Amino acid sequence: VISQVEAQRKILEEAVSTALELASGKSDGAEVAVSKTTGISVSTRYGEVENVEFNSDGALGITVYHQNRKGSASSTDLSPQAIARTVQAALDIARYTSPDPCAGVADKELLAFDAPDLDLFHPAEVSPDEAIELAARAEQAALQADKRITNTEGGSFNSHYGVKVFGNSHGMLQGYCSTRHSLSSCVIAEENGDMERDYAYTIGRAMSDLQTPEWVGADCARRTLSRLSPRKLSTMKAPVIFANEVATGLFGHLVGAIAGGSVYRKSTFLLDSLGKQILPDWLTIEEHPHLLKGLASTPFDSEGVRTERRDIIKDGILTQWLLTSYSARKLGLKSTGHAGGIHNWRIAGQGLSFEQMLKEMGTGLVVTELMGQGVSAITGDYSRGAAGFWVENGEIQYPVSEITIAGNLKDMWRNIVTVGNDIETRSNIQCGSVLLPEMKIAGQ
């Protein structure tokens, strides 16, 4: 596989050089990205192979600039002739677009000319038959857990490697390799004329960082069985815990609200909040783009800009926007290396377990799953479908579904009571469960 990957890497590097050279005579600047992803995706049904999918995807993207006019083109064909056509397409477009001085290649002084090795590449030679056996093991462990499990949506195993190369007309040309492997199962349980489905999974850059198939199956069944016989709450106001998985998404809404694109367009409810307290004064959000093997580690952003260790929130204070080249120029600032998103967020727990948070809350709603969109970028208004558990006397009483929770993110974030030690570790943003003092719950 490493001979295959090194061969792909050389091909991609030449493709970037070729595109940049073809552009150089007819543009003031150009940026070129190429990627290749290869691997396998398999599923099982009742422990037998269902699907075997062989994946092989490639792509080349180019943006060129002339008189501050921009044009872009892309192709999945990396032959020299296809590259020539893609370059000419982008150049032709830039004859019709308008001069826009905030457009252009990222600032030379911010580029990752010598990009760090973040050890993202841990390939595995997994045959389809071996992949199938892993999926089957996870699914069978789920199906054997309890006699109320009566159907399946299957086991699934995925293993891929990727090569990405970026270059631009300031002389940057840097590339890196990565791997991702994952294993999941999803089953259906029934009780008293009600069906429920849930899943469990494990993910990592190295095969030896995964949970066992049998762990996945046990987790899948536990989650699925816990959903049985839900109640629809009556309409009320109560405290709400966002369980760790959805709590990561609660902090996730911050990304849109502090993105430079939203800020310069005045389309964020946090427009006037830079340097002000938006979160509790003990809460810090640490960004760590250079974690070795990190799930969202990156040696540079999508415009080739260096990434840095940053405290996005420090002691409840919003310290910075998330800027790209274009939005930074619009605001008179410099890129913070956030083209393409955020790069590993970490929020520490304040010392309580999940069980202790339930005791602290006493009576209230725990949300474990949210449905729908219902979050306004410009106002912060929040209205989402929810499922979870009702808590009374500090103990889970029954599952709940067919309800909504509503409020405003500005209020929700400012008034967080505590964050748990039960940290979710499979995601970009990693935190524990989050206690909110009050939300409007719509139901019966």
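Counting begins at 1, following the sequence as shown.
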(request) Higher average CA B factor in the deposited record is what I'm after, so tell me if that's 250 to 258 or 350 to 358. (result) 350 to 358
(request) State which stretch shows the higher mean Cα B factor in the entry: 188 to 196 or 277 to 285. (result) 188 to 196
(message) Can you tell me which of 435, 423, 429, 20 has the maximum CA B-factor listed in the PDB entry?
(response) 20
(request) Going by the CA temperature factor in the entry, name the top one among 213, 294, 99, 332. (result) 332
(message) By the recorded C-alpha temperature factor, relative to the other modelled residues in its chain, which third is residue 392 in?
(response) highest
(message) Per the entry's values, where does residue 148 land by CA temperature factor relative to the rest of its chain, in the lowest, middle or highest third?
(response) highest
(request) Going by the recorded CA B-factors, say which third of the chain residue 61 sits in, lowest, middle or highest. (result) highest
(message) Split into thirds by Cα B-factor across the chain's modelled residues, where does residue 301 land: lowest, middle or highest?
(response) lowest
(request) Classify residue 159 as lowest, middle or highest third according to the C-alpha B-factor given in the PDB entry, relative to its own chain. (result) lowest
